[PDB]
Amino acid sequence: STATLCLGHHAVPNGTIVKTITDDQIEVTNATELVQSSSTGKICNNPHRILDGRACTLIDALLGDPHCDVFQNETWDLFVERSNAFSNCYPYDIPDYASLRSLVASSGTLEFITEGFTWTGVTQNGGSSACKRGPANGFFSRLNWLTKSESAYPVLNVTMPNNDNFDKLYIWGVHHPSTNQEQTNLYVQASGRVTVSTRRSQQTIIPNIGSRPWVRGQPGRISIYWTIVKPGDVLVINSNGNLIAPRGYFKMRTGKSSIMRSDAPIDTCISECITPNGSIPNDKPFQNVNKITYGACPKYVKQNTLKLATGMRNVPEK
C-alpha cells in the first residue's frame, strides 16, 4: 500500500575542478573561464585607427627623417612602433626622449603648421650626407639648419606669437660641433648659444664641442629640445650660434591616442582591446596575455586560469 517518493539532484560524468574557500580542489558540474589567456596573433585595424610606423619611430616621423616623410600630418588612435624601424638621418640626441615620445603619442597627431620665421643674416636649409633626402644632401624635414652668411653669424632674435586658441608644440635643437675648427667655420663664434623662451618658460643651451663616434660619418650631434607655447603667450628664439631653428609647430590635442611597441601584423577585424601580442576578446574579467594593453580590456593577472563554478557540486554515482 505504501508509496515511495525520493528527491534527487542531477550529476555528470566529467565535472569541473574548482577552488573554494574550504577547497583548493573540488568538483562541480560546471564552470566558465575568467582568465582570457589567448590571443589571435594580430591587431584589428578597427575600431581604433591604427598607424603602422613600419620602419619609423614616432620621433623620426615627428622630426622629419627622410624615409618617414610619408607620415607627415598623420593621425592615429594607436601608433605602432616596430622592432626594425631605423633612423637614417643626422645623429641626434633628445634629453628626456621618453617624455617627448609620450606627449606626442598622447596628442595623437602630427599636423604641422609652418610659420614665417625670419632668419636674417644667416644661410638656411643646410644639409648633410648623413641625411640623404634622395641621393643629395638634406636634413629633418621639420628643422632648419642655419649657417653663417658672408662671414658672420648675427645675434639671432625672432619672435613668434601664438594668437590662436590652442597650444603649439615647437621642437628645435642645438648642434654640438666635432671640433673648434668646425664651430668657428660654421657659425664664426668660437662658442655658441641657444635661448628659447616664453613669458612662462625659458631654456637656454650651450653647445659643447668634442669628437664623438662616427654615425653616418658624423662625429658631431644635434641635441633636441621642445617648448610648448600657451594661447596668448609668445615664442622668442635668441641665438648667436649652433641653432637648429623651427619651421612651424605641431597642433596639440587631447585624446585616447597612444603608442605601442609591437611586431604583430595588422589585420582587418574588430577588437576593442589590443595588446602587443595582438587582439584579445573583452568578455572575461581577467587576461594573461600582456600587462601592456590598449582599450577596453580585462585586468592582467599573474594567474593563467580561474574557473567560475556555475553548477552544483558534482557527486557521481560510483
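One-based numbering along the sequence shown.
Is the mean CA B factor in the deposited entry higher across 129-137 or across 145-153?
-> Comparing averages over the C-alpha atoms only gives 129-137.
Mean temperature factor over C-alpha atoms, higher-scoring stretch between 246-254 and 34-42 | The stretch with the larger mean CA B-factor is 34-42.
Criterion, highest CA B-factor; candidates, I224, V234, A85, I237 | Answer, based on the entry's C-alpha B-factors: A85.
Among the chain's modelled residues, which third holds the C-alpha B-factor of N73?
-> For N73, the deposited C-alpha B-factor lands in the middle third.
Based on the entry's values, in what third of the chain does the Cα temperature factor of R212 lie: lowest, middle or highest?
-> Tercile = highest for this residue's CA B-factor.
Relative to the other modelled residues of the same chain, rank the CA B-factor of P276 and answer lowest, middle or highest third.
-> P276: CA B-factor falls in the middle third of its chain.
Chain thirds of CA B-factor: placement of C269 | As the PDB entry reports it, the C-alpha B-factor of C269 lands in the highest third of its chain.
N162: which third of its chain by C-alpha temperature factor?
-> Answer is middle: the recorded C-alpha B-factor places it there.
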